[PDB]
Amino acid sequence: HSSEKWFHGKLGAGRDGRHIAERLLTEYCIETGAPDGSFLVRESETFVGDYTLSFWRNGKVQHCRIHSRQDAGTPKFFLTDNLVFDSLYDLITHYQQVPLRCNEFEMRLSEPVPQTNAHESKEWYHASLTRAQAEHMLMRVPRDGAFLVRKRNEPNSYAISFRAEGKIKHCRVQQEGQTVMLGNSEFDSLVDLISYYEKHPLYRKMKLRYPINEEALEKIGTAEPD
């Protein structure tokens, strides 16, 4: 099975998965000065059901189709007709040691790539929301655990707004290059950070349980108290 890692899965809730993966690898590699072979495995947009191996090679991101076949009872994965594996893992593992022979030349995949855009499609994430604008949304939700994550004007920084003990409370998150810091705490990306506190307590044992948005209000939201 796949447990995140280079495995990003669905990108953009099924929308513009290739494009989203190109900007995710470009700006990431250009900055971090990534070596050739940097990659991620995403769901295929063109061939529904199959996968795609997207990677960085000479200032350019290229995609490779990962065929899948579930006929022999056991799933099968391959990039070529002469080599097959029982899992994406054994397949990715393999092409890390052994190169990729194509028309141009060969290439061994080097290092994974984190999910830096994963939050841009999530329900709780907002790109342009004022604090009051956010407080007003959480004001219409008379509960504890409801939350959201807005991006602030200040470069590389996001706030986490939530309802603790029946009262609005906010939290500061700061982007440090390619890692997110929640005060002293450090994570790989917003989605890895929210994922964590969706289980663990974020404040007084208050955990992020109820993402909030327009439709989320159509399910809970009334008119706002104060």
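Start at 1 with the first residue shown and count on from there.
The PDB entry records a higher mean C-alpha B factor for 194-202 than for its counterpart among 194-202 and 62-70. Note on 203-211 vs 11-19: mean CA B-factor is higher in 203-211. Taking only the listed residues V149, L83, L91, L100, the entry reports the highest CA temperature factor at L100.
Note on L40, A159, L182, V48: the highest value goes to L182, judged by CA B factor as recorded. Sorting the modelled residues of the chain by their CA temperature factor places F78 in the lowest third. Residue-level temperature factors show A34 in the middle third of its chain, judged at the C-alpha atom. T52 sits in the lowest third of its chain by CA B factor, as recorded in the PDB entry. In the PDB entry, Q178 places in the highest third of its chain by CA B-factor.
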